[PDB]
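Participant: In case it helps, the working numbering puts the sequence shown at residues 102 to 190.
We treat Cβ as the ideally placed atom computed from N, Cα and C, and that holds for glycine.
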Amino acid sequence: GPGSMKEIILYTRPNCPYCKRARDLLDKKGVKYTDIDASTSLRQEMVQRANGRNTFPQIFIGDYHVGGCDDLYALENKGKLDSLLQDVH
């Protein structure tokens, strides 16, 4: 059958000295991450239709909302790498 690849979306402002880790890992693996401006005007609607209902900053991946930046790292190192990679893929 055909293939299947998910996409990663980060919801936050461009002034995130921590998010650099998340974006770094993604680009390092070789995936396409979408940077969503903190502006709720578009973030609220995006995150709302992305998960179903939400209006706060966090790290979205495929069909799941992580939350914190380091979170993705810890989980990925804990064994959730498969999911993260499968989502960012």
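1) Go through the segment 110–178 residue by residue and report every complete run of the alpha helix (DSSP H) that reaches 4 residues or more, in order.
2) How far does the alpha helix (DSSP H) with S184 in it extend, from its first residue to its last?
3) If distances are taken between C-alpha atoms only, which option among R114, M106 and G104 comes closest to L143?
4) Around the C-beta of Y119, are 16 or more other C-beta atoms found within 10 angstroms, so that it is buried, or is it exposed?
5) Got a sec? Which residues, its chain only, sit under 6 Å from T135 by beta carbon, not counting five neighbours each side?
6) Between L173 and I160, how many whole angstroms is the CB-CB distance? I'm expecting something under 8 Å.
7) Can the beta-carbon of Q187 be found less than 8 Å from the beta-carbon of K107?
Facilitator: Reading it off the structure:
1) 121–130, 141–152 and 170–176
2) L182 to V189
3) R114
4) exposed
5) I110
6) 6 Å
7) yes
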